[PDB]
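[1] let me start by giving you these chains from the complex, positioned as in the assembled structure:
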Amino acid sequence: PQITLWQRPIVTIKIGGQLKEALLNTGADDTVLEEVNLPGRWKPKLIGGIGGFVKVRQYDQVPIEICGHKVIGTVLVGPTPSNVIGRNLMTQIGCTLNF
């Protein structure tokens, strides 16, 4: 689709058998999601950095549907003020900025 930016660009994602809402956030490098139990191995990753770091679990090559596009990408899982789709997954769905 083409998403105008008058409102927050919140979209439905399907991940690990759950549907969720997440923000399409081009100011985020990585994708961070709140409350999802994903199968397979993870490694700990530090994110944030302002005030301290936040530790999260990094699962790679994760199947995720963003707005009806089935893609594969690193998802970071742990505490977040909001679910965020970062650039890493926006590239996989072919999402560009246009004007």
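    It's in. Numbers count the residues shown, from 1 in each chain, chains lettered A, B, ... in the order given.

[2] give me the neighbour count for the nearest residue to residue A:8 once chain neighbours are set aside.
    Closest residue in space to residue A:8, ignoring its immediate chain neighbours: residue A:23 at 6.0 Å, by Cβ to Cβ, 6 or more residues apart in numbering. Every C-beta, even on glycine, is put in place using the N, C-alpha and C of the backbone. Residue A:23 is flanked by 17 other residues according to other Cβ atoms under 10 Å.

[3] and residue A:24, how many residues sit next to it?
    22.

[4] residues contacting it?
    By Cβ atoms under 8 Å, 6 or more residues apart in numbering, the residues touching residue A:24 are A:3, A:9-11, A:85, A:90, A:95.

[5] can you pick the most crowded of those?
    Most surrounded of the contacts of residue A:24: other Cβ under 10 Å gives residue A:85, at 29 neighbours.

[6] put chain B onto that model:
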Amino acid sequence: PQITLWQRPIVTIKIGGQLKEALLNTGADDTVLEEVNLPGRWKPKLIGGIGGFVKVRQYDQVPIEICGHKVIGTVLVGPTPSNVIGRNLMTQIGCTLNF
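    Placed with the earlier chains, chain B looks like this:
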């Protein structure tokens, strides 16, 4: 242009007679810029909210060129880890998300 998201979408902005770099950030409601002295009246605004708020100066109807597009928009001025173009200015330049 069409901006792919493999790298951070950093663009040149011209504001109050200076050229600057800022991030096109669709996860930011407002536009926040570091070190710029803008003429005219402002009001104090609280932004952030996690850990505390950050006080900044809000100047409205500010002339700004983003990537060669001359637009008018509210700019918030004060301390920021990076210069951020928020949705408020992305709408003015006609910037959408596309996939």
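
[7] once more on the neighbour count of residue A:24, this time with chain B?
    27 (other Cβ atoms under 10 Å in any protein chain shown).

[8] ok, residue A:56 next?
    Neighbours around residue A:56, by other Cβ under 10 Å: 21.

[9] tabulate the CA atom coordinates of stretch A:64-75 in CSV.
    The C-alpha trace of stretch A:64-75 is given here as CSV (Å, rounded to 0.1, in the frame of the first residue of the first chain):
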residue,chain,number,x,y,z
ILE,A,64,6.5,-12.7,10.0
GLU,A,65,3.6,-11.3,8.0
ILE,A,66,3.6,-7.5,7.9
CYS,A,67,0.5,-6.2,6.3
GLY,A,68,0.1,-9.3,4.3
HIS,A,69,3.7,-9.7,3.2
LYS,A,70,5.4,-12.8,4.4
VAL,A,71,9.0,-12.1,5.1
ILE,A,72,11.8,-13.5,7.2
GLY,A,73,13.8,-11.3,9.6
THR,A,74,15.5,-10.9,12.9
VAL,A,75,13.0,-10.1,15.7
